[PDB]
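Data first, discussion second: the structure below is written as structure tokens.
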Amino acid sequence: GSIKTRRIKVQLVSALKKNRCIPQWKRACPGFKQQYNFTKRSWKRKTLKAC
Amino acid sequence: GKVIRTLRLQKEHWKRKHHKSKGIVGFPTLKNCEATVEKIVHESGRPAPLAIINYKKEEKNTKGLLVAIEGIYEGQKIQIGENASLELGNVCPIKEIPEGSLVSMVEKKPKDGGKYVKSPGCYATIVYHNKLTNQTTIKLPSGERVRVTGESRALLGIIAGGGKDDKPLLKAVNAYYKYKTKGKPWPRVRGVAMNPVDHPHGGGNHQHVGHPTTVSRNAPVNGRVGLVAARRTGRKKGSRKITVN
Amino acid sequence: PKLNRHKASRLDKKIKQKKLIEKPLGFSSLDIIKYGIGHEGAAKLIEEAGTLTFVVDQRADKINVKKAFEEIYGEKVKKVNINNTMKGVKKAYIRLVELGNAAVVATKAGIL
Amino acid sequence: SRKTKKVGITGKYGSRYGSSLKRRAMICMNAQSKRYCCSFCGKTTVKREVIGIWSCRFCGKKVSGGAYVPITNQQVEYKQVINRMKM
Amino acid sequence: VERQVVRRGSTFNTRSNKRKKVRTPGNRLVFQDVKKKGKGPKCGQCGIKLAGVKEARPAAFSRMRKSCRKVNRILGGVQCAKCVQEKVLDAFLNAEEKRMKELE
RNA sequence: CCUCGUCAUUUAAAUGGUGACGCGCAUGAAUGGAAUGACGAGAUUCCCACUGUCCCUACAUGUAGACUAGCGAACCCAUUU
RNA sequence: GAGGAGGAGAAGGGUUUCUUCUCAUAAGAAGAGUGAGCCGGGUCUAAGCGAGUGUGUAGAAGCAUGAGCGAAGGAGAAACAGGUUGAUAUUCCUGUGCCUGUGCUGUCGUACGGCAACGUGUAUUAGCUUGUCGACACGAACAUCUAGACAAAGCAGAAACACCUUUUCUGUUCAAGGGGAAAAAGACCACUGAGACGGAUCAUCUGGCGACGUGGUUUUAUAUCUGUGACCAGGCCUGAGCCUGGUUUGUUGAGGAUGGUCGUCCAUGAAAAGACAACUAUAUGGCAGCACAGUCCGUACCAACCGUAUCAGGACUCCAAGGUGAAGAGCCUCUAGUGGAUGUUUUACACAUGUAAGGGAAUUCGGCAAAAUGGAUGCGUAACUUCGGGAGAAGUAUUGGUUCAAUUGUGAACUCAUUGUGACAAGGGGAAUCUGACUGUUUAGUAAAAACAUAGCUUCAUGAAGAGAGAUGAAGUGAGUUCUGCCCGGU
RNA sequence: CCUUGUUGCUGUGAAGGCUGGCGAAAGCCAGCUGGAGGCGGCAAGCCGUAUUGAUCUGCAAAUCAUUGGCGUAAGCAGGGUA
Ligand SMILES: [Zn+2]
Ligand SMILES: [Zn+2]
């Protein structure tokens, strides 16, 4: 909801910046072997436990 | 089995709370005082009313609590200690009060603040003064006779609020309000209606105790239920009391 | 006294010691300001309300921002409002004592 | 007033609780609700605030008393004994 | 008929949350807040409310003029005219008995 | 227990109900005994009203079901029946 | 269908919100978006928790005292209208304000009046002490105010017209701050001097401790005015600006606010921070202008929450129109909001429902299920009973529309093709027996009961208390009425 | 245990009060006023008697329909604490 503590807000801000795919240029690099970022999440499928 | 109801209710988190209390009840310590009665008040757990008193100790005003005797009023001046007059509601040394008189809030030893008679409607009777030993015999409301030294103080009158037990509580809710502040279990479920894990009277295909209900004084605590160390039982007449002053 | 401090608004706690050598200039005007923001959202504010918008260091407060602007850019300030955004950036909005000067300072500084 | 032959103030309870118990309660219930005479001002304006405390609606004096009546039987007698001690 | 929302705070209808309905120049019906009522001084002897003094809440009372908070007599607010008449007489009459008991 | 005890009343007809009787396998007095009022989604018998419960079944309505487009599983299984 | 499938907050979720593009779609990718001295947190204290210290333990636990902590719905200085974005707004912009402090310049101050009830005067710090405010249960009736809703007249625009109609619909606005009545309800002051008697309430009641009367003093709302104009409706033109209105009266009325009364209780219904008055000393203090200051954290959105989900379940609160009727009941409408596995007339057996000749429980363990009765007004009401009840006992009759009398009691006439609480809503009743006195409670998920509880009755132990025999604990029986015989051999 | 929220419409008509009549008294009989109660019929709600109804590869690891019980109170509920 609208009321939040400072500690809860920083957790949300960090959880929101980490939630991104692999940038499209990295895929062209000779040494790079990852397909998809397995740390990506959806609000419909997991809980953060920020509480 | 498990621990019985009687033990659980004696643990510390079940003791009566004091948050609504007015203060500790008892006489001032000084040899002589003149006091004024400031207010007469009800205290949440107690049926007898309390009186707030005001008296000087050095230059400063100080406050105390007495149990109210019947017939005081707000604004009355009262006299405490040696050289007080025999007037209703004064406090005096016991040796000054004549035989056959009725007293309340009696000290068992000097400067204890007053114990003995403190419940609504009660009083004690002065039955004898011994001029050699300086003892006095008082008859307590249980019928017991006890000896106290002449230097102890006492309040002249009967405790306010008498007659309260005349009116029956006809309903369950009326009993609820009376026991809400006491330590006894209400409502009280009978032991014969429990299972044998919960109470020594539990179990069986008919509701019965099955063993005698009179138990020893030295029996172990988690089974000491029923009539503890009874001398006799039943509705028959007893015997003559033996009496000395 | 030790407590978990979960309801607190300031995340720092400890009082700070002296040191044998101290850092040259300290928390100072050129650490406080990061950049002015110039886009279609900001442009309206310069044109209508005489206010600039800036990104500022997390450690900064209203009094410090007021001083730093008057030191770097030179116009006098009426008000400062502050906003912690969902992207982890502290924004400051500064209104100038005379309007019109907002378009002068913005253009000199290359914000606009 | 007095529209009932026997039941008096206890008519509020209908047919519930026993007959014998109601006629004990009745004595106390009639006594509680009355106004009584003030010792200080003579008027009939004294009523009960709470058990043991009685109060005058004109002059404001408060006095200790019984649970259902201002002066109890033991008090009416004992008050006299004290007056004799003063002689 | 237009219906309202709570603009600020909580919906939970406690003593600190009284509201009234008001019509604005723009022809809207809106809720607006209400401050609690104040009780003024009662006499220290008898419980009667003192004449000549205003009733307000502690913060608002302190911002009024001193004349709103007293009467010009021996006890300002504090006590009523009858109780001071009694006090003045009592102190006089007691001193006269002491005078007599000293002279006799 | 014997037992569907005997006598009366209720029905055309009563292993039922109510009233009587009592050597009661093995009733009974705060392990509480006995007679009523008001109040039970408590257990039991009868009468009046009422009816597809029944004699004895018939017709009609909505929604599923049969057939059709799109989508699309599971229990179970030595199997030749 | 206003106890909404409407509009908003809390707990919980965390970008789900806005724009663009692509299908990959309850799918992705890239950007953008939350602004405060006056709203809430950071303060105070409840029940309570506790570092350290003392005592104890192999170390612990525990016990005594006690810094600090403990409520986003208890106490708690000061703000409101109207505008603006794709997305924020009592936070931004315009206007008018307020609280707490700081500094400059002017301008005044060092006291009086009334028999009194008390008034005039915007007034400094500091301290004892005494008191007040903060600061408080439930229930009932009666006043007064404000939202709201009606009805007439005026104007502006709409709807409807084969016929009829001045028929019908929508509008007619005024914030915080400043100034301010009459009224009603209570206190009190001066004169006066009252009864087998006057005054007064819906109801209690009230007076020589001073009635009625005649003149005053004070406490508590609201209407009205200002708030410098905003905002709305309509017309003319238009890639813009002008012009015209926003006027009067009556009835009712809270599910909000306030006031003084009355009732109930073996139940009498928080603290503290922070304030104020009197008394005593001490005095360069009041007001007007102008200027300066007020840090830190939260602020988007939810039909998106918990149940493995896009789940008929669960989940704390606020606002609330017209008719019918006793009634935020059911039924019907205005404001605001809403919807998809496709076609086919589709047997039998189902699941939700209707109706039935003659008979009327013959059915079945058993009237299980269904039918019948139903609101208001009147007449008339038994055994038994703790005299309160039983009791709506039972049993019977009336009820629509129209046009009149009469004024709360109701009467009378005329009229209709099955009759009238016409739909919706809405008791079946009596005679007996067993059992528990009554309202209440229980096996969340096969048992709601005769079981548990309960008021009352009886027994037992104690003079120890932060409690003191009308007390504090332990057992048994189960309201009331009427009784409660005999046995101490065994344990 | 501490701090809070939540009662709308109706029936019956106790205590107390005022008039009129009857009586030598004591105190009896009418009509009106007043509004008590773990008191009656209902609403919002809280619950769980029957159909041994529907469902039993469920909408659901306890739900749905009609029918029922209480509803001015030993009633229901949020947060803090034990
Ligand atoms: Zn008096
Ligand atoms: Zn006074």
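Naming works like this for the structure tokens: A, B, ... for the chains as they're shown, residue 1 at the start of each chain, ligands 1 onward in shown order.
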
(request) Please give me, as a VMD selection string, the residues lying within 9 Å of ligand 1 when counting only C-alpha atoms (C1' of nucleotides) and all ligand atoms. (result) chain D and resid 37 to 46 55 to 61

Selected residues, C-alpha atoms, written as a tab-separated table (two decimals), in the first residue's frame, please.
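Produced file selection.tsv, reproduced below:
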chain	number	residue	atom	x	y	z
D	37	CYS	CA	-33.84	12.82	54.20
D	38	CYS	CA	-30.66	14.92	54.33
D	39	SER	CA	-29.12	15.49	57.80
D	40	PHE	CA	-27.53	18.78	56.75
D	41	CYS	CA	-30.37	20.59	54.92
D	42	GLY	CA	-33.59	18.74	55.86
D	43	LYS	CA	-34.74	18.13	52.26
D	44	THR	CA	-35.73	14.66	50.91
D	45	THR	CA	-33.12	14.55	48.14
D	46	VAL	CA	-30.62	11.81	49.11
D	55	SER	CA	-25.32	11.71	48.16
D	56	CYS	CA	-27.61	14.78	48.35
D	57	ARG	CA	-28.78	16.33	45.07
D	58	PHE	CA	-29.26	19.85	46.53
D	59	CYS	CA	-26.26	20.53	48.83
D	60	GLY	CA	-23.77	17.99	47.41
D	61	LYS	CA	-22.75	16.27	50.69

Per-residue nearest contacts of chain G to ligand 2 (12 Å; only C-alpha atoms (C1' of nucleotides) and all ligand atoms) as JSON lines:
{"residue": "G:131", "atom": "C1'", "partner": "ligand 2", "partner_atom_place_in_ligand_line": "1 (Zn)", "distance": 11.6}
{"residue": "G:187", "atom": "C1'", "partner": "ligand 2", "partner_atom_place_in_ligand_line": "1 (Zn)", "distance": 11.9}
{"residue": "G:188", "atom": "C1'", "partner": "ligand 2", "partner_atom_place_in_ligand_line": "1 (Zn)", "distance": 11.7}

(request) Pull the strand (DSSP E) assignments for segment 11-244 of chain B out of DSSP run on the backbone, and list those residues as a PyMOL selection string. (result) chain B and resi 32-43+46-57+60-67+77-81+91-93+102-103+124-129+135-139+145-149+153-155+214-215+227-228

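Those residues of chain A that fall within 9 Å of chain C when using only C-alpha atoms read residues 5, 6, 7, 9, 10, 12, 13, 14, 16 and 17 of chain A.
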
Can you spit out the residues from that selection as a tab-separated table (two decimals), in the first residue's frame, using N, CA and C atoms?
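In the end it all went to result_13.tsv:
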chain	number	residue	atom	x	y	z
A	5	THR	N	7.76	2.02	4.95
A	5	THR	CA	8.98	2.41	5.63
A	5	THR	C	10.12	2.56	4.62
A	6	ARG	N	11.17	3.28	5.01
A	6	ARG	CA	12.37	3.47	4.21
A	6	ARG	C	13.05	2.14	3.88
A	7	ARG	N	13.08	1.20	4.82
A	7	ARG	CA	13.70	-0.10	4.59
A	7	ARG	C	12.94	-0.93	3.56
A	9	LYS	N	11.04	0.35	1.08
A	9	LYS	CA	11.17	1.00	-0.21
A	9	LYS	C	12.47	0.65	-0.93
A	10	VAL	N	13.63	0.69	-0.24
A	10	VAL	CA	14.90	0.32	-0.86
A	10	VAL	C	14.90	-1.12	-1.39
A	12	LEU	N	12.26	-2.68	-2.63
A	12	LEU	CA	11.47	-2.67	-3.85
A	12	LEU	C	12.26	-2.06	-5.00
A	13	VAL	N	12.99	-0.97	-4.75
A	13	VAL	CA	13.78	-0.27	-5.75
A	13	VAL	C	14.86	-1.18	-6.31
A	14	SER	N	15.54	-1.93	-5.44
A	14	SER	CA	16.56	-2.87	-5.87
A	14	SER	C	15.97	-4.06	-6.61
A	16	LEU	N	13.55	-4.09	-8.54
A	16	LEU	CA	12.95	-3.61	-9.78
A	16	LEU	C	14.02	-3.35	-10.83
A	17	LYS	N	15.23	-2.94	-10.41
A	17	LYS	CA	16.36	-2.72	-11.30
A	17	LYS	C	17.02	-4.02	-11.75

(message) Could you list, as a list in words, every residue within 10 Å of segment 29-36 of chain H, counting only C-alpha atoms (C1' of nucleotides) and ignoring same-chain residues fewer than 2 positions away?
(response)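 With the cut-off at 10 Å, the set is residues 9, 10, 11, 12 and 13 of chain D; 140, 141, 202, 203, 204, 263 and 264 of chain G; 13, 14, 15, 16, 17, 18, 19, 20, 21 and 22 of chain H.
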
(request) Just list the residues in chain E DSSP gives helix (DSSP H, G or I) on the backbone, as a VMD selection string. (result) chain E and resid 15 to 17 58 to 62 66 to 68 81 to 103
